[PDB]
Amino acid sequence: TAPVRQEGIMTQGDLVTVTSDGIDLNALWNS
Amino acid sequence: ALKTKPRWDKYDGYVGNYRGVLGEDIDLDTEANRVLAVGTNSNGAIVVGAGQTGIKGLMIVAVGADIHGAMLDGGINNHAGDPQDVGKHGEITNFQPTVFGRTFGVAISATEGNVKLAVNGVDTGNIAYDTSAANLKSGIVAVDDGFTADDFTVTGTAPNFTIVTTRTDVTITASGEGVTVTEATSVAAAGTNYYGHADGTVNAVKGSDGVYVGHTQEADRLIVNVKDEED
Amino acid sequence: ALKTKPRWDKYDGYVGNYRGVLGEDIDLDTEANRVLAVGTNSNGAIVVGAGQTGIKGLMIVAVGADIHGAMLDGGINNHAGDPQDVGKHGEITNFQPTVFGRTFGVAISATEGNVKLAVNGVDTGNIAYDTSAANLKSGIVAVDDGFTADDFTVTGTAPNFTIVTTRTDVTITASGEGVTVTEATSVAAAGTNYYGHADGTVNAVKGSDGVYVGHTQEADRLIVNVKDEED
Amino acid sequence: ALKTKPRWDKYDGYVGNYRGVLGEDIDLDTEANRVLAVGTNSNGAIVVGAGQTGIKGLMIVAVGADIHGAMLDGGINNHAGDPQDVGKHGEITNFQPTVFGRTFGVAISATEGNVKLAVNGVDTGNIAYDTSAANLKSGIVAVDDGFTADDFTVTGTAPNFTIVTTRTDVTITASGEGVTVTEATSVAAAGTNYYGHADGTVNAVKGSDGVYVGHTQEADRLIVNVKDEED
């Protein structure tokens, strides 16, 4: 993984959801 | 992913960190996911930059992008009359100075005669040594592109010129010999004070209009403590 | 109820909002259910107006009226030595400015040397293009109503004047033709900066003594962020 | 459905209508779903416009758009080295003349005094009443936008001119009285001869380079009979 660190309160727009072209990004966390 | 976005880390809501409604639409391409200085207009409504009251707080419009980096306009926190949270007391992580448009430092080393700048990768033609600020501005806006007498400000009549631009899509760079140009970038600094401005921008410089909004600690963080603007 | 009263909507009680004790009795008819600018005296005690320290916060002395509209004096939050809560940070709802006493703008419209005011419902005697601080003042107080030259202050020039009274019962009116009287009024404004004063009053005008206490969002709501008075 | 694309209705493929490969990428925004006059370059390859051999056929690069009208760049028939079909004998239905850029017919109507034209709504200032074609062109490109000396061609005499632009974003209009401008739209005409040109455009005009390709019958249906270009 990259040395990039988001911090703070998780808000709407920090959400991960299935993309409009159907990629279930929430399946990919364990990759 | 390649990027981090400014966010409230601590924000309480019972401490004079206030709800209001926007007086205007937020410009998502310029103002989403950024630390905006805000006031209130003659209605009860939140505006970016100074309103009637001056600068009263900081705001982050935390919208979401897709995997291609586009942002949806169907959101409920962006338009005039949408509700939004404003802060005076709290902490922002992944902090960045918030600035609109571009600025360039021009140092001319030609001791006589003429030099050429390249505005948007194409030449001004000759700019003389020791030109007035208005003549350098003329020689920039004379270029055969879409950028006008009001897309620019120019100042610093000594060999040290400074160019300021309203729009993001103009680069100014050197072309002829005896001239050097540096883009004046802005990045968060550790252990530094930050200031709101009437524009809505937030940066490390108190000019003539700056309102103290907070200070950093480590560069990625800002401790928010807005000393509210007054008459 | 027939009318709304100022209240803290958000108030935490850690973070700078503080308990103290009153140094003096609150005058319920004049000072209860109102937003007061407070400091602290040369003891540990809250006072209305600037104490030794200057203005240090806002206070609302919340007192119930009975079914007949009368406040009971046997309360536990409004005599000298009673405890009270002072806010530096928060929100007040049903906000309105605080002023003490009455003031009347007087303007004489007829050119003739004869007009009559009435004081609390009885005629004052003949008035002309009077000197304000003497002839109009004496013309007001020369009535056997039991009010006197200390109950009133009179200012302004021959066609226009202001009467000011510390008392709330004394009431100026026009009676004869050739004169007009308006009691002054104060009301909240949307998006407006608000200031405390050495008198304990809270209004939109920063005088020579104004201490910034907050700003209104919508006019009914004050956002409180007291920038403490200092030496 | 809003629009009909040009297509081959009859194409046999054994009669000197031929397979080739492209020698250059087809520009999907400008050249897909259009009737292209094609030649051969000095390799075996199909090129839009006159290559080495001159105009040898008509080509339609059929590409599907999405529900938003955008075409995919990942296709199998668009890039240099992709295979393609070229016609000499057959019929094209839903025929439209194929043009690149824009064209504007200009007439002065004043008695005397300078005239004013706009480019995308931005004015030229003054054009001379007795203008040459060169002074009209310089007056057009002098406008404060990105469009340069090579973006425009001008021909005519002082009472009447044509402006021709190579790019499709540039719009020429009249700003006031004393001059008039018309956009010369091209559309299929019934019973008309069509001509492929060295640029790859097909239209109803034989210039100095027109090589016959077909005739329209009822306007929507070009009958294709390419009289091949020769040395």
# chains A, B, ... in the order shown; residues from 1 in each chain; ligands from 1
call {"tool": "select_by_dssp", "arguments": {"residues": "region 145-229 of chain C", "states": "strand (DSSP E or B)", "output": "PyMOL selection string"}}
result
chain C and resi 152-157+160-165+172-174+179-183+193-196+202-203+211-216+221-225
call {"tool": "select_by_dssp", "arguments": {"residues": "region 92-215 of chain D", "states": "helix (DSSP H, G or I)", "output": "ChimeraX atom specification"}}
result
/D:133-141
call {"tool": "write_last_selection", "arguments": {"atoms": "C-alpha atoms", "output": "PDB file, in the first residue's frame"}}
result
ATOM      1  CA  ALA D 133      -9.925  40.491 -48.069  1.00  0.00           C
ATOM      2  CA  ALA D 134      -6.588  40.681 -46.155  1.00  0.00           C
ATOM      3  CA  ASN D 135      -7.761  43.586 -43.900  1.00  0.00           C
ATOM      4  CA  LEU D 136     -11.028  41.674 -43.206  1.00  0.00           C
ATOM      5  CA  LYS D 137      -8.996  38.556 -42.247  1.00  0.00           C
ATOM      6  CA  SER D 138      -6.576  40.537 -40.016  1.00  0.00           C
ATOM      7  CA  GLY D 139      -9.579  42.306 -38.371  1.00  0.00           C
ATOM      8  CA  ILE D 140     -11.153  38.851 -37.712  1.00  0.00           C
ATOM      9  CA  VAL D 141      -8.014  37.216 -36.189  1.00  0.00           C
TER      10      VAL D 141
END
call {"tool": "residues_around", "arguments": {"residues": "residue 153 (chain B)", "least_positions_apart": "4", "cutoff": "7 Å", "atoms": "only C-alpha atoms", "output": "number ranges by chain"}}
result
B: 163-165
call {"tool": "interface_residues", "arguments": {"of": "chain A", "to": "chain B", "cutoff": "7 Å", "atoms": "only C-alpha atoms", "output": "MDAnalysis selection string"}}
result
chainID A and resid 6:9 13:14
call {"tool": "write_last_selection", "arguments": {"atoms": "C-alpha atoms", "output": "PDB file, in the first residue's frame"}}
result
ATOM      1  CA  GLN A   6      -6.496  10.253   5.171  1.00  0.00           C
ATOM      2  CA  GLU A   7      -7.511  11.371   8.688  1.00  0.00           C
ATOM      3  CA  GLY A   8     -10.559  13.054  10.255  1.00  0.00           C
ATOM      4  CA  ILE A   9     -14.298  12.289  10.428  1.00  0.00           C
ATOM      5  CA  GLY A  13     -18.367  11.577  -0.062  1.00  0.00           C
ATOM      6  CA  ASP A  14     -15.746   9.543   1.847  1.00  0.00           C
TER       7      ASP A  14
END
call {"tool": "closest_atom_pairs", "arguments": {"of": "chain B", "to": "chain C", "cutoff": "12 Å", "atoms": "only C-alpha atoms", "output": "CSV"}}
result
residue,atom,partner,partner_atom,distance
B:12,CA,C:12,CA,10.0
B:13,CA,C:10,CA,8.5
B:14,CA,C:10,CA,5.2
B:15,CA,C:90,CA,4.8
B:16,CA,C:90,CA,4.3
B:17,CA,C:90,CA,7.8
B:18,CA,C:223,CA,7.2
B:19,CA,C:217,CA,8.9
B:20,CA,C:217,CA,7.1
B:21,CA,C:217,CA,9.3
B:22,CA,C:217,CA,11.3
B:23,CA,C:191,CA,11.1
B:39,CA,C:191,CA,8.5
B:40,CA,C:191,CA,5.3
B:41,CA,C:191,CA,5.7
B:42,CA,C:191,CA,5.3
B:43,CA,C:190,CA,5.5
B:44,CA,C:218,CA,4.0
B:45,CA,C:217,CA,6.9
B:46,CA,C:217,CA,8.4
B:47,CA,C:191,CA,10.6
B:50,CA,C:191,CA,11.3
B:51,CA,C:191,CA,8.2
B:52,CA,C:191,CA,6.6
B:53,CA,C:192,CA,5.8
B:54,CA,C:193,CA,8.8
B:55,CA,C:215,CA,10.7
B:56,CA,C:215,CA,8.2
B:57,CA,C:225,CA,10.7
B:86,CA,C:223,CA,11.1
B:87,CA,C:223,CA,11.3
B:88,CA,C:225,CA,8.5
B:89,CA,C:89,CA,9.6
B:90,CA,C:15,CA,11.6
B:225,CA,C:225,CA,10.5
B:226,CA,C:225,CA,9.2
B:227,CA,C:227,CA,7.3
B:228,CA,C:225,CA,7.5
B:229,CA,C:193,CA,8.7
B:230,CA,C:193,CA,6.7
B:231,CA,C:206,CA,7.2
call {"tool": "residues_around", "arguments": {"residues": "residue 159 (chain C)", "least_positions_apart": "4", "cutoff": "10 Å", "atoms": "only C-alpha atoms", "output": "list in words"}}
result
residues 106, 107, 108, 109, 110, 111, 128, 129, 130, 132 and 179 of chain C
call {"tool": "atom_distance", "arguments": {"atom1": "CA of residue 48 (chain B)", "atom2": "CA of residue 36 (chain B)"}}
result
6.6 Å
call {"tool": "residues_around", "arguments": {"residues": "residue 174 (chain B)", "least_positions_apart": "2", "cutoff": "8 Å", "atoms": "only C-alpha atoms", "output": "compact mmCIF listing (two decimals) with N, CA and C atoms, in the first residue's frame"}}
result
# COMPACT_ATOMS: atom_id res chain seq x y z
N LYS B 116 11.54 37.93 -23.64
CA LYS B 116 10.23 37.38 -24.02
C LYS B 116 9.70 36.43 -22.95
N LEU B 117 8.47 36.63 -22.51
CA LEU B 117 7.77 35.64 -21.68
C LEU B 117 6.89 34.78 -22.58
N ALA B 118 6.51 33.56 -22.14
CA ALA B 118 5.60 32.65 -22.89
C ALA B 118 4.31 32.45 -22.08
N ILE B 172 2.40 31.02 -16.69
CA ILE B 172 3.37 32.00 -17.21
C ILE B 172 4.78 31.44 -17.04
N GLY B 176 12.47 34.04 -23.83
CA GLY B 176 13.72 34.73 -24.17
C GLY B 176 14.75 34.69 -23.05
N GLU B 177 16.02 34.87 -23.39
CA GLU B 177 17.13 34.95 -22.44
C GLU B 177 17.07 36.22 -21.58
N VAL B 179 15.60 36.42 -18.70
CA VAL B 179 14.35 36.41 -17.88
C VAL B 179 14.14 35.04 -17.19
N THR B 180 13.67 35.04 -15.93
CA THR B 180 13.37 33.86 -15.11
C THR B 180 11.98 33.99 -14.50
N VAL B 181 11.21 32.90 -14.48
CA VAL B 181 9.85 32.89 -13.92
C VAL B 181 9.67 31.67 -13.02
call {"tool": "atom_distance", "arguments": {"atom1": "CA of residue 197 (chain D)", "atom2": "CA of residue 76 (chain D)"}}
result
26.3 Å
call {"tool": "residues_around", "arguments": {"residues": "residue 73 (chain C)", "least_positions_apart": "6", "cutoff": "10 Å", "atoms": "only C-alpha atoms", "output": "ChimeraX atom specification"}}
result
/C:27-28,63,79
